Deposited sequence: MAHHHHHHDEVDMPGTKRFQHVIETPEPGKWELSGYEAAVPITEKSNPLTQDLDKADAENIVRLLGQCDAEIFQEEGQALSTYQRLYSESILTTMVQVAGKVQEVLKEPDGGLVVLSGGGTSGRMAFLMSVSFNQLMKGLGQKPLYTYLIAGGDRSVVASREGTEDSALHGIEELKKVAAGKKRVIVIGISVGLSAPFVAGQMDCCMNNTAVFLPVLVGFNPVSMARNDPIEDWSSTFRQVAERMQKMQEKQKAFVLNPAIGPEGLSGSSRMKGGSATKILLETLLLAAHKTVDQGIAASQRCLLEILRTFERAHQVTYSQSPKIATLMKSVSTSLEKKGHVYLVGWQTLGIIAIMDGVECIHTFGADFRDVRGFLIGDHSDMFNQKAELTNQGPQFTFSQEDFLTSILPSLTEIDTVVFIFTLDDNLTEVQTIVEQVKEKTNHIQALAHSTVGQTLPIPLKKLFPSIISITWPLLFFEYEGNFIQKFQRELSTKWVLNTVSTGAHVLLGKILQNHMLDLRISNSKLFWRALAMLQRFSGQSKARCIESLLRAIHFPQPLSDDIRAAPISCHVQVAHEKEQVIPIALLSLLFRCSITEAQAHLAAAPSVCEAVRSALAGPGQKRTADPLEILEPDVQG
């Protein structure tokens, strides 16, 4: 029938109460699952939120139970990390013709960028040619942009990969798809497998291969699941690797920028840092070298979330300043200003939030006096500015900008990384009364840029910014239980997630849910057979441009009514959230 092939993979909606025993629920990839810890995130206050997400973040480090999924500290995973590290060594030994690529859509691509820099720095500091580079879906514009649509072409991924692999003789391609989902990555991995002489694919994600996307890719004949299954076969001969620990579901469902990206860093910095530090020691990388690093990262979570109460406060002040109609600024020096930018930009697609809502700033890249003249004018009684730095930064530049912002804002808090025994200049740094000083033990670094300290610091900041930005929005009633219902359908993955949410909250049939969403997307044109049979990109291209698509579709399903009727109902309610919540009642 028209539509049958396109929606073929979509499991039917369970009957009421048999949600567990239809095993629709066991096919929901871990990455898309609803984390049980956050059943009621829409009711937690700011302090609970920080707890529950700090709890969710912890599941990264949790170990394997006794018929269940391999985890970060499982021996199969660590054994793979070792083997990969070893393959990076082969390349570090022969850098003439060598290249290491870290590739990913969205936050995966963002994380790939940061990392590729760090390991480029580390070889600069040893007088070695930088071997790292990155690819991000939609080119480098994408790194600091919201560009969700760009992950859907396998050909694109392959083109970006063909460019960079120039006339290199040995290329390690680390494709990062948290959900083992993005066609961008898919293509690359497959391309790698077709030319084993030159390429080595390593696939990073956080689902078992059996939960890897298996829907058709528009410009490609295989699915991620097939590509991934075949890589798993080649691992037996060390010509491909799959690094896929389960870190548990995201505190906000499907928001892989959070635990996903954190784990992407934890997992890869660890592995690569081990590989470098062990080559010039003349030693092979062991599980012991990796575990030192893993446990340092695990400490970082404890170090970070021990400031919970103050994190909860920054949230309350970001929540509030948005609750009015004010803006929030994240002002960071070096890498922590990037991470600031990346958090803020992600708020657009993740929350339907304007690019001013939570903006990030690096000293997007507007230096001291430039920031002073340009932006400082636009601040207000209600805004919130957030300073993010270390004590090794140049706090003469820092103190200045605070002094100025203080005048016009007064809602300023800060995020300050320090070793023990560094002290915050100006005993009257009461510009910040109750800082978030995050103070790091002394650690036995050997490399000159002290890269372990770097990686700890980024991640700690990422957890903070992530929890804060996420929490503020949750507090404002915009999340439904632990799902973003009202997202913007801007790629195929989000189209399927929308459909899954309609099935969940309506309980009504797959076919009904599909019919309601397509109607919502394409209204005022009614369902033709063309539309039914169209490639999901057609739906995406049309949905991406409209507002409240998913809520409207859900309202039509519950009230068993037309798009016309549901639109008019909506418009005649105080808000989208209030409308949906009481239709659900």
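Coordinate coverage of the deposited sequence is interrupted at 1-12, 79-80, 378-396, 619-638, where no C-alpha atom was modelled.
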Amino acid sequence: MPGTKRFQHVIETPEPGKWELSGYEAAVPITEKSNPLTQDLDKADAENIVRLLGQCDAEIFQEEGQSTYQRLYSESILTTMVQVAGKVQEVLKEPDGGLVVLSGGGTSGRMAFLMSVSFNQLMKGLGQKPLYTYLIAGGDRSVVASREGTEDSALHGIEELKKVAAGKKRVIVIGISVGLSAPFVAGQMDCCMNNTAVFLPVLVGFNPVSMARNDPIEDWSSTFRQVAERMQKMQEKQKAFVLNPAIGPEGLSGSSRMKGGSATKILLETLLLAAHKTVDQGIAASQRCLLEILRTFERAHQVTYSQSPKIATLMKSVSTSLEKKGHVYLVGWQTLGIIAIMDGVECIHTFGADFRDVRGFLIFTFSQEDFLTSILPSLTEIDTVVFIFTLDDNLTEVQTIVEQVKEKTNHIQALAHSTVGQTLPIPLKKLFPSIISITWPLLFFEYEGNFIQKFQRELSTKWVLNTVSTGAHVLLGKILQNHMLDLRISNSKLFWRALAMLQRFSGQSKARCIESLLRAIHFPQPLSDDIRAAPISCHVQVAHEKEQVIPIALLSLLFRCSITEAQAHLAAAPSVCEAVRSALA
From here on, numbers count along this sequence of modelled residues.
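Throughout, rigid core stands for the largest set of C-alpha atoms superposing within 1.5 Å between the two forms.
Taking the rigid core as the alignment reference, the C-alpha atoms of 429-437 lie farther on average from the displayed form in 6 other deposited structures of this protein than those of the other stretch among 429-437 and 110-118. In summary, of the stretches 505-513 and 419-427, 419-427 shows the greater Cα distance from the shown form in 6 other deposited structures of this protein, with structures fitted on the rigid core.
Stretches 266-274 and 345-353 differ in mean CA B factor, with 345-353 having the higher one.
In this entry, 275-283 shows the higher mean Cα temperature factor of the pair 275-283 and 478-486. Remark: of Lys43, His522, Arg51, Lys33, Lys43 shows the highest value [criterion: C-alpha B-factor in the PDB entry]. Which of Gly86, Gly139, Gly261, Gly421 has the largest Cα B-factor in the deposited entry comes down to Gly421.
Per the PDB record, residue ranking by Cα B-factor puts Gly254 in the lowest third of the chain.
Ranked against the other modelled residues of its chain, the C-alpha B-factor of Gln66 as given in the entry falls in the highest third. Among all modelled residues in its chain, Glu59 ranks in the lowest third by Cα B-factor. Sort the chain's modelled residues by C-alpha temperature factor and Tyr305 lands in the middle third, per the entry. Among all modelled residues in this chain, the alpha-carbon of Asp370 has a temperature factor (C-alpha) in the highest third.
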